[PDB]
$ cat input10.tsv   # TSV, C-alpha atoms
chain	number	residue	atom	x	y	z
M	1	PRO	CA	-2.68	18.56	-19.38
M	2	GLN	CA	-3.42	17.96	-23.07
M	3	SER	CA	-6.15	20.59	-23.28
M	4	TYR	CA	-4.01	23.73	-23.55
M	5	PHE	CA	-3.48	24.50	-19.88
M	6	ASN	CA	-0.59	25.39	-17.56
M	7	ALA	CA	0.95	22.81	-15.23
M	8	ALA	CA	-1.46	23.33	-12.35
M	9	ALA	CA	-1.78	19.58	-11.89
M	10	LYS	CA	1.36	18.75	-9.96
M	11	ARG	CA	-0.28	16.41	-7.48
M	12	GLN	CA	-0.68	13.33	-9.63
M	13	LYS	CA	-2.46	10.14	-8.64
M	14	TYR	CA	-1.08	6.84	-9.89
M	15	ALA	CA	-3.64	4.21	-10.79
M	16	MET	CA	-3.47	0.81	-12.48
M	17	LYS	CA	-6.05	1.44	-15.17
M	18	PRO	CA	-6.57	0.50	-18.86
M	19	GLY	CA	-4.46	2.92	-20.86
M	20	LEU	CA	-0.99	2.97	-19.33
M	21	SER	CA	2.23	2.96	-21.31
M	22	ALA	CA	5.44	1.21	-20.18
M	23	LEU	CA	6.89	4.40	-18.68
M	24	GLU	CA	3.61	5.09	-16.90
M	25	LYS	CA	3.36	1.61	-15.38
M	26	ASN	CA	7.01	1.85	-14.31
M	27	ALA	CA	6.27	5.01	-12.34
M	28	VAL	CA	3.12	3.48	-10.82
M	29	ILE	CA	5.01	0.44	-9.52
M	30	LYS	CA	7.99	2.45	-8.27
M	31	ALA	CA	5.64	4.90	-6.53
M	32	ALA	CA	4.08	2.01	-4.61
M	33	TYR	CA	7.48	0.99	-3.26
M	34	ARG	CA	8.31	4.63	-2.54
M	35	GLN	CA	5.12	4.91	-0.51
M	36	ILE	CA	5.11	1.68	1.50
M	37	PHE	CA	8.84	1.59	2.19
M	38	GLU	CA	8.84	5.42	2.04
M	39	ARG	CA	12.31	5.24	0.50
M	40	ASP	CA	13.97	4.31	-2.79
M	41	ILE	CA	14.80	0.62	-2.75
M	42	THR	CA	17.00	-0.74	-5.54
M	43	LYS	CA	19.95	-2.99	-6.52
M	44	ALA	CA	20.12	-5.15	-3.38
M	45	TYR	CA	16.34	-4.96	-3.34
M	46	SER	CA	15.33	-6.90	-6.45
M	47	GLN	CA	14.52	-10.36	-7.89
M	48	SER	CA	11.17	-10.76	-6.14
M	49	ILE	CA	10.58	-7.05	-6.78
M	50	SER	CA	11.32	-7.58	-10.47
M	51	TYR	CA	9.00	-10.59	-10.51
M	52	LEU	CA	6.14	-8.69	-8.87
M	53	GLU	CA	6.83	-5.89	-11.35
M	54	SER	CA	6.12	-7.98	-14.44
M	55	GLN	CA	3.06	-9.60	-12.84
M	56	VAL	CA	1.37	-6.26	-12.17
M	57	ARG	CA	2.59	-4.82	-15.49
M	58	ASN	CA	0.60	-7.50	-17.32
M	59	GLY	CA	-2.39	-6.72	-15.14
M	60	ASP	CA	-2.27	-10.32	-13.99
M	61	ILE	CA	-2.61	-9.45	-10.32
M	62	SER	CA	-4.63	-6.65	-8.78
M	63	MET	CA	-2.74	-3.62	-7.45
M	64	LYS	CA	-4.26	-4.52	-4.09
M	65	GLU	CA	-2.47	-7.85	-3.88
M	66	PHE	CA	0.76	-6.20	-4.95
M	67	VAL	CA	0.45	-3.90	-1.93
M	68	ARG	CA	-0.64	-6.60	0.55
M	69	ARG	CA	2.32	-8.74	-0.54
M	70	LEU	CA	4.80	-5.92	0.13
M	71	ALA	CA	3.35	-5.06	3.54
M	72	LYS	CA	3.22	-8.74	4.49
M	73	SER	CA	6.80	-9.33	3.33
M	74	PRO	CA	9.50	-10.18	5.94
M	75	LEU	CA	11.18	-6.88	5.04
M	76	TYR	CA	8.28	-4.73	6.27
M	77	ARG	CA	7.56	-7.32	8.96
M	78	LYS	CA	11.05	-6.85	10.36
M	79	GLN	CA	11.86	-3.18	9.74
M	80	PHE	CA	8.62	-2.01	11.35
M	81	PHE	CA	8.53	-4.49	14.24
M	82	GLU	CA	12.12	-5.47	15.13
M	83	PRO	CA	12.99	-2.06	16.72
M	84	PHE	CA	9.38	-1.54	17.78
M	85	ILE	CA	6.49	-3.12	19.66
M	86	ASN	CA	2.93	-4.22	18.86
M	87	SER	CA	1.41	-0.82	19.65
M	88	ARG	CA	4.04	0.93	17.52
M	89	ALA	CA	3.70	-1.51	14.63
M	90	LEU	CA	-0.01	-0.76	14.83
M	91	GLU	CA	0.62	2.95	14.23
M	92	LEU	CA	3.08	2.28	11.41
M	93	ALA	CA	0.78	-0.19	9.64
M	94	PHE	CA	-2.28	2.07	9.86
M	95	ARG	CA	-0.28	5.02	8.52
M	96	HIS	CA	0.90	3.01	5.50
M	97	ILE	CA	-2.22	1.00	4.68
M	98	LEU	CA	-5.13	3.26	5.63
M	99	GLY	CA	-3.29	6.57	5.75
M	100	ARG	CA	-4.81	7.22	9.16
M	101	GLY	CA	-3.46	6.35	12.58
M	102	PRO	CA	-5.54	4.61	15.29
M	103	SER	CA	-7.96	7.32	16.35
M	104	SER	CA	-10.58	5.62	18.52
M	105	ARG	CA	-9.86	3.77	21.78
M	106	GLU	CA	-12.10	0.93	20.62
M	107	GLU	CA	-10.19	0.97	17.33
M	108	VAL	CA	-6.78	0.91	19.05
M	109	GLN	CA	-7.50	-2.01	21.35
M	110	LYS	CA	-9.43	-3.87	18.64
M	111	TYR	CA	-6.60	-4.04	16.13
M	112	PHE	CA	-4.06	-4.15	18.96
M	113	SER	CA	-5.50	-7.55	19.83
M	114	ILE	CA	-4.97	-8.62	16.23
M	115	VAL	CA	-1.37	-7.41	16.04
M	116	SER	CA	-0.62	-9.06	19.39
M	117	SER	CA	-2.06	-12.49	18.57
M	118	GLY	CA	-1.87	-12.93	14.81
M	119	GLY	CA	0.87	-10.37	14.52
M	120	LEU	CA	1.73	-7.66	12.02
M	121	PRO	CA	0.95	-9.84	8.90
M	122	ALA	CA	-2.50	-10.50	10.36
M	123	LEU	CA	-2.96	-6.79	10.98
M	124	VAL	CA	-2.03	-6.23	7.34
M	125	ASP	CA	-4.71	-8.66	6.13
M	126	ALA	CA	-7.22	-7.12	8.55
M	127	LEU	CA	-6.55	-3.57	7.33
M	128	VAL	CA	-6.03	-4.20	3.61
M	129	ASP	CA	-8.87	-6.68	3.08
M	130	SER	CA	-11.25	-4.26	4.81
M	131	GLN	CA	-14.31	-4.13	2.56
M	132	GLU	CA	-14.84	-0.48	3.50
M	133	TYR	CA	-11.46	0.65	2.19
M	134	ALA	CA	-11.81	-1.83	-0.65
M	135	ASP	CA	-15.29	-1.23	-2.05
M	136	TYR	CA	-15.40	2.54	-1.63
M	137	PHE	CA	-11.90	3.54	-2.76
M	138	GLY	CA	-11.37	1.56	-5.98
M	139	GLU	CA	-8.97	-1.18	-7.08
M	140	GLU	CA	-6.89	0.94	-9.44
M	141	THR	CA	-5.76	3.73	-7.09
M	142	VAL	CA	-2.20	3.52	-5.74
M	143	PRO	CA	-2.09	3.95	-1.93
M	144	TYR	CA	-0.27	7.23	-1.48
M	145	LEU	CA	-0.32	9.15	1.81
M	146	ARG	CA	-3.85	10.52	2.18
M	147	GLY	CA	-4.77	8.44	-0.85
M	148	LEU	CA	-6.99	5.41	-1.41
M	149	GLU	CA	-6.86	1.66	-0.86
M	150	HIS	CA	-7.84	-0.91	-3.50
M	151	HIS	CA	-11.08	-2.74	-4.19
M	152	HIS	CA	-11.01	-6.49	-3.55
M	153	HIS	CA	-13.55	-8.67	-5.40
M	154	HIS	CA	-15.61	-7.30	-8.25
M	155	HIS	CA	-18.94	-8.64	-7.13
$ encode --input "input10.tsv" --output "structure tokens"
Amino acid sequence: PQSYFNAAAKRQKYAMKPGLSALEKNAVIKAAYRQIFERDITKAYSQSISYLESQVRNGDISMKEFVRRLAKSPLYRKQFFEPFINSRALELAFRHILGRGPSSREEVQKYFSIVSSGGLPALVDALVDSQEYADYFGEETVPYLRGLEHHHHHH
């Protein structure tokens, strides 16, 4: 708070927006990994991570694609499906992408059909590319728990 004020703002929201320094962008990227994989991946987890890092640092790719790549990666595809089933992967995906679990029966069975046929990656595309969560929430906002998803398209 650069307006002469105590540290009341402890809940910070990361967003890929014009006006971010190197340290800021580093935290934004790392926070994304910490949210989707809900743990601190490092060392063994790199290379592709480092490559995605520089891409989003430049602002070359949208923060939305960064997220959809991670969730559609074999890592998430395995860790959240190998010791689970379609219905459980459904819950896990919803909780990570939308921040809300399947609430409505229609909702459950609707996306359950997607995760059963097209699979988890298809469920990812279905949830992430949702124009509702895209258009209304903004493309800059990092998807933290109870946060916002990113805007796809511009117009």
$ closest_residue --input "input10.tsv" --among "M:148, M:134, M:9, M:22" --to "residue 53 of chain M" --atoms "all atoms listed in the file"
M:22
$ axis_aligned_box --input "input10.tsv" --around "segment 141-148 of chain M" --padding-each-side "4 Å" --output "AutoDock Vina command-line options"
--center_x -3.6 --center_y 7.0 --center_z -2.5 --size_x 14.7 --size_y 15.0 --size_z 17.3
$ atom_distance --input "input10.tsv" --atom1 "atom CA of residue 37 of chain M" --atom2 "atom CA of residue 75 of chain M"
9.2 Å
$ closest_residue --input "input10.tsv" --among "M:113, M:130, M:3, M:87" --to "residue 149 of chain M" --atoms "all atoms listed in the file"
M:130
$ residues_around --input "input10.tsv" --residues "residue 90 of chain M" --least-positions-apart "3" --cutoff "8 Å" --atoms "only C-alpha atoms" --output "PyMOL selection string"
chain M and resi 86-87+93-94+102+111-112+115+120+123
$ write_last_selection --input "input10.tsv" --atoms "C-alpha atoms" --output "PDB file, in the coordinates of the input"
ATOM      1  CA  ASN M  86       2.930  -4.220  18.860  1.00  0.00           C
ATOM      2  CA  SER M  87       1.410  -0.820  19.650  1.00  0.00           C
ATOM      3  CA  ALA M  93       0.780  -0.190   9.640  1.00  0.00           C
ATOM      4  CA  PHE M  94      -2.280   2.070   9.860  1.00  0.00           C
ATOM      5  CA  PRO M 102      -5.540   4.610  15.290  1.00  0.00           C
ATOM      6  CA  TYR M 111      -6.600  -4.040  16.130  1.00  0.00           C
ATOM      7  CA  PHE M 112      -4.060  -4.150  18.960  1.00  0.00           C
ATOM      8  CA  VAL M 115      -1.370  -7.410  16.040  1.00  0.00           C
ATOM      9  CA  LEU M 120       1.730  -7.660  12.020  1.00  0.00           C
ATOM     10  CA  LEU M 123      -2.960  -6.790  10.980  1.00  0.00           C
TER      11      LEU M 123
END
$ closest_residue --input "input10.tsv" --among "M:131, M:117, M:55, M:35" --to "residue 146 of chain M" --atoms "all atoms listed in the file"
M:35
$ closest_residue --input "input10.tsv" --among "M:110, M:96, M:150, M:155" --to "residue 34 of chain M" --atoms "all atoms listed in the file"
M:96
$ atom_distance --input "input10.tsv" --atom1 "atom CA of residue 118 of chain M" --atom2 "atom CA of residue 41 of chain M"
27.7 Å
$ atom_distance --input "input10.tsv" --atom1 "atom CA of residue 109 of chain M" --atom2 "atom CA of residue 82 of chain M"
20.9 Å
$ closest_residue --input "input10.tsv" --among "M:147, M:56, M:77, M:154" --to "residue 135 of chain M" --atoms "all atoms listed in the file"
M:154
$ closest_residue --input "input10.tsv" --among "M:18, M:143, M:119, M:1" --to "residue 33 of chain M" --atoms "all atoms listed in the file"
M:143
